[PDB]
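A.B. asks: For now just these chains, pulled out of the complex without moving them:
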Amino acid sequence: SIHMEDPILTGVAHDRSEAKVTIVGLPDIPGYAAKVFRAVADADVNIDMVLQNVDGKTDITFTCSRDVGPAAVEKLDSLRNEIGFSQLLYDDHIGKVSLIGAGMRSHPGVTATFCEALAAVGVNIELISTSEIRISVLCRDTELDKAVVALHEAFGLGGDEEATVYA
């Protein structure tokens, strides 16, 4: 489409078949995080919403599609000695809702308006990731439909044959 000084919003996406994985109690020593990502690449699972958070320990979280969810954690567990973790967390009752677009990163107001919209329909955010081209949140599947609606409303979308330049 239009593929400027204001952000372009091309749509609202949603995926109901999502899994959330947390590796708990990772040594904060160089090498260990890399093993986590190598294991996932070796197992051929495309991951998203990835983050690291803090003992001398750290946790890593990501999502992936449910269908490969169990394959992910198995691979991960098969390397419990080499990766130093104490626990693997798993949540397959969540879905991802997203604002797609471009140039979103210089306008933090978009993210705030994104969240204000979900809050207004009492949607709870479990994870959030943002980029130039996507703002995604992870929530329970029971709330995906009201989230999509709220987003469409808040941003004047749409078709989605519509795109918008939002101010």
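C.D. replies: Noted; the coordinates are in hand. Residues are numbered from 1 along each chain as shown, chains lettered A, B, ... in the order given.
A.B. asks: Could you measure from the residue most central in space within chain A over to residue A:4?
C.D. replies: For chain A, the residue nearest the mean C-alpha position is residue A:49 (3.4 Å; C-alpha atoms, centre = their mean). Computed as C-beta to C-beta, to the nearest Å, the residue A:49 to residue A:4 distance reads 27 Å. For every residue, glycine as well, the C-beta is placed using N, CA and C.
A.B. asks: Dump the C-alpha coordinates for stretch A:22-34 into CSV.
C.D. replies: This file holds the C-alpha atoms of stretch A:22-34, laid out as CSV (Å, rounded to 0.1, in the frame of the first residue of the first chain):
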residue,chain,number,x,y,z
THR,A,22,9.6,-19.4,30.4
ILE,A,23,13.1,-20.7,31.2
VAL,A,24,13.6,-20.0,34.9
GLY,A,25,16.8,-19.8,36.9
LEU,A,26,19.3,-19.3,34.1
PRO,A,27,22.9,-18.6,35.2
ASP,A,28,23.7,-15.0,34.2
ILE,A,29,27.0,-16.2,32.6
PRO,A,30,27.8,-15.7,28.9
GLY,A,31,27.0,-18.8,26.9
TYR,A,32,23.8,-20.1,28.6
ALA,A,33,21.3,-17.8,27.0
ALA,A,34,22.9,-18.6,23.6
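A.B. asks: hmm, who's touching that stretch?
C.D. replies: Under the contact criterion C-beta atoms under 8 Å, 6 or more residues apart in numbering, stretch A:22-34 has outside partners A:36, A:52, A:54, A:56-61, A:76, A:83-90.
A.B. asks: Buried subset of those residues, written for PyMOL?
C.D. replies: Command for PyMOL, covering only those of the contacts of stretch A:22-34 found buried under the criterion 16 or more other C-beta atoms under 10 Å:
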select buried, chain A and resi 36+58+59+60+61+76+83+84+85+88
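A.B. asks: if you look at the contacts of stretch A:22-34, which of them are in strands?
C.D. replies: Under the assignment DSSP state E, these contribute A:52, A:57-61, A:87-90 to strands.
A.B. asks: quick one: the helices in chain A?
C.D. replies: In chain A, the helices defined using DSSP state H lie at A:32-42, A:69-78, A:108-120, A:144-154.
A.B. asks: Give me whichever of those helices is most buried.
C.D. replies: Most buried of the helices of chain A, by mean neighbour count (mean count of other C-beta atoms under 10 Å): helix A:144-154, with a mean of 18.
A.B. asks: slot chain B in:
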Amino acid sequence: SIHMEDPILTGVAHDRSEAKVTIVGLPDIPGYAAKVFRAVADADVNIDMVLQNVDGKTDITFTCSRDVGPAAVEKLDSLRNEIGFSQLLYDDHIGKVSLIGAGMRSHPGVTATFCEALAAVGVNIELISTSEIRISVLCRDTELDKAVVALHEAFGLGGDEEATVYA
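C.D. replies: Below, chain B sits with the chains from the block before:
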């Protein structure tokens, strides 16, 4: 340039003047997270690497440029009653190193190779965010130069007048 089935890597970026902000002890109730982002938008600070992690409480983390770092936390603190947090964390001795590109998200191996490269020069990852178009990590400023080098080496870049289609 070239702006395919393999990822395009257009460069390695680095920014030494970075600040890391953590809002600690946020009520996991709809509305509060949105207040955090609204405060930042109101204060006109472009944020990045944003994440939410877990009591009934949650934490949010992000980065921004140092020059506006203190303005961020001030704004945040000015709303300590309305936002429910117990603590604000602040780190201005870190920098961001990034792999720029497109189509990176279907190849988790890139992220793993990214991390393997930093691990090999004993760089510690404090934050990581990934997208189709950027993989960034936050580390101490004392390690930025060796990180940039290691990345260039690992991915056959570059100029950066070079771009690569990596396999």
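A.B. asks: back to the contacts of stretch A:22-34, now that we've got chain B?
C.D. replies: Outside of stretch A:22-34, the residues within contact range by C-beta atoms under 8 Å, 6 or more residues apart in numbering or on different chains are A:36, A:52, A:54, A:56-61, A:76, A:83-90, B:112, B:115-116, B:118-119, B:122-125, B:128.
A.B. asks: Report the contact partners of residue A:7.
C.D. replies: Going by C-beta under 8 Å, 6+ apart, residue A:7 touches A:101-104, A:106-107, A:110, A:165-166.
A.B. asks: Can I get these in TSV including distance to chain B?
C.D. replies: Converted to TSV, these look like this (distance: C-beta to the nearest C-beta, whole Å):
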residue	distance to chain B
A:101	13
A:102	10
A:103	12
A:104	11
A:106	6
A:107	8
A:110	8
A:165	18
A:166	13
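A.B. asks: Make a ChimeraX selection of the buried ones in those.
C.D. replies: The ChimeraX selection below is limited to those of the contacts of residue A:7 classed as buried (16 or more other C-beta atoms under 10 Å in any protein chain shown):
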select /A:101,102,103,104,107,110,166
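A.B. asks: Measure how buried residue A:91 is and give me the count.
C.D. replies: 17 (other C-beta atoms under 10 Å in any protein chain shown).
A.B. asks: Leaving out sequence neighbours, find the closest residue to residue A:87.
C.D. replies: Excluding its sequence neighbours, the residue lying closest to residue A:87 (C-beta to C-beta, 6 or more residues apart in numbering or on different chains) is residue A:24, at 3.8 Å.
A.B. asks: Next, the contact list for residue A:136, please.
C.D. replies: Neighbouring residues of residue A:136 by C-beta under 8 Å, 6+ apart: A:48-49, A:96-99, A:127-130.
A.B. asks: Could you rerun that using 7 Å?
C.D. replies: Residue A:136 makes contact with A:49, A:96-98, A:128-129, according to C-beta atoms under 7 Å, 6 or more residues apart in numbering or on different chains.
A.B. asks: and the spatially closest residue to it that is not a sequence neighbour, bridged to which residues?
C.D. replies: Distances taken as C-beta to C-beta, 6+ apart put residue A:98 closest to residue A:136, at 4.2 Å, once the chain neighbours are dropped. Beta-bridge partners recorded for residue A:98 (DSSP bridges): residue A:13, residue A:136.
A.B. asks: Next up, the contacts around residue A:98.
C.D. replies: Neighbouring residues of residue A:98 by C-beta under 7 Å, 6+ apart: A:12-13, A:134-136.
A.B. asks: From those, pick the one nearest chain B.
C.D. replies: Nearest to chain B out of the contacts of residue A:98 is residue A:134 (C-beta to the nearest C-beta; 7.1 Å).
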